[PDB]
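Everything below concerns the one structure shown next.
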Amino acid sequence: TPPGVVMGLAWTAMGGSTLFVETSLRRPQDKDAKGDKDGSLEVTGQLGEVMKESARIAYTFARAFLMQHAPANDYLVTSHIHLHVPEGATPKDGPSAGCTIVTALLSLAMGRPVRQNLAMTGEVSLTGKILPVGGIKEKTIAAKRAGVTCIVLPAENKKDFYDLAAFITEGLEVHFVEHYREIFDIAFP
Amino acid sequence: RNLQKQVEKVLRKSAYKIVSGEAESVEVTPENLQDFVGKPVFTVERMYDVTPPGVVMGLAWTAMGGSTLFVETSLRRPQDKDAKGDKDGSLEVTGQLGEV
Numbered sequence: 760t761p762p763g764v765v766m767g768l769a770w771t772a773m774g775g776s777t778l779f780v781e782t783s784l785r786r787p788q789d790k791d792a793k794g795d796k797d798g799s800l801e802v803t804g805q806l807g808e809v810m811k812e813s814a815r816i817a818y819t820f821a822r823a824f825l826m827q828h829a830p831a832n833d834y835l836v837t838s839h840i841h842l843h844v845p846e847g848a849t850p851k852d853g854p855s856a857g858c859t860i861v862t863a864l865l866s867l868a869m870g871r872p873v874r875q876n877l878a879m880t881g882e883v884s885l886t887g888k889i890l891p892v893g894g895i896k897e898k899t900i901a902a903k904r905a906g907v908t909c910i911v912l913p914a915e916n917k918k919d920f921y922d923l924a925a926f927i928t929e930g931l932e933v934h935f936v937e938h939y940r941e942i943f944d945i946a947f948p
Numbered sequence: 710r711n712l713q714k715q716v717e718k719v720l721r722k723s724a725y726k727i728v729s730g731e732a733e734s735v736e737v738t739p740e741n742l743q744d745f746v747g748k749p750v751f752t753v754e755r756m757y758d759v760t761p762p763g764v765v766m767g768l769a770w771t772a773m774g775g776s777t778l779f780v781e782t783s784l785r786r787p788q789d790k791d792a793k794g795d796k797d798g799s800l801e802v803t804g805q806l807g808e809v
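Residue numbers (PDB author numbering), protein chains in the order written: chain F, 760 to 948; chain E, 710 to 809.
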């Protein structure tokens, strides 16, 4: 898991899957050292419209959290960035990957690779209040066999993770959260 | 409607506890309810007590009932990179809005 990539669960139309999400720089970062021009995102992955929406809002939350947290850094305000979200998610499930993006970008903006084999999901809002997502069962059973050990899920869906047959849940540890600022203190200990 | 289906389910899983069950007199009480309905499907009432900068509760007349949607707005870039400059700050609206 080098810098700027994160694995993420997704409810494929047939069972679950664990497609990755990836990120990269696209132009030299100091072509205008004092230039006031936006670090435009350039998404790819054959997206639908709702994916464009969720990507934009997630981008804004990332760009906001970082200036709130580490003011001196400015890699993300001004640096063109390609982002790659693989296709395959069922369209109703398409917002579900949102949280992964918000950490993907941050990794690239700090250079720390994520902690090993720690898949995550859940929708994000402009202030970082995670929201429930459906189809948890296919997601858990699919992520079980990828070697993931420490899943993290929205706190508002936890009951569904404590109703699946016990043998599926044995092994992997689980976390639960509601405000995204907690997850940033898990992934990067 | 949903309250109807769930009350029906409570009575039904109660009835199963008579034909063979030890009890001959079911009496649901809030502590016992879990056994017949499982864990709660909701816990939050509103999505949260307002975040200090930038939100306000907004009622809206959705197709089924009312609802309490939250409007949320935030800054997108540092504010004062050039105090003397002149390039007015555009909005970028989201939410799949129609033109009107």
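Built from N, CA and C at the ideal position, the CB exists for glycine as well.
Asked: Give the single residue among E:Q743, E:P761 and E:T760 whose Cα lies nearest to the Cα of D922 (chain F).; Found: E:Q743
Asked: Less than 6 Å between C-beta atoms, sequence neighbours within five positions excluded: which residues of the same chain meet that for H843 (chain F)?; Found: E781, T803 and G804
Asked: Taking contact to mean 3 or more Cβ pairs, one atom from each stretch, closer than 8 Å, check whether the region 876-884 of chain F and the region 763-779 of chain F are in contact.; Found: yes
Asked: By the criterion of Cβ-Cβ separation under 9 Å, what are the contact partners of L885 (chain F) in chain E?; Found: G763, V764, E781, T782, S783 and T803
Asked: Could you give the uninterrupted runs of the alpha helix (DSSP H) lying entirely in the region 726-794 of chain E, keeping only those of 4 residues or more?; Found: 743-746
Asked: Contact criterion: CB-CB distance below 9 Å. Does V753 (chain E) meet it with respect to chain F?; Found: yes
Asked: Is it the case that the region 928-937 of chain F contacts the region 906-914 of chain F, given that we only count it when at least three CB pairs across the two stretches are under 8 Å?; Found: yes
Asked: Just checking, does the region 892-906 of chain F make contact with the region 788-808 of chain F on the three C-beta pairs under 8 Å criterion?; Found: no
Asked: So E932 (chain F) is in the beta strand (DSSP E); what residue range does that whole segment cover?; Found: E932 to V936
Asked: If you measure from the beta carbon of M879 (chain F) to each beta carbon in chain E, is any gap under 9 Å?; Found: no
Asked: Any beta carbon of chain F sitting closer than 9 Å to that of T760 (chain E)?; Found: yes
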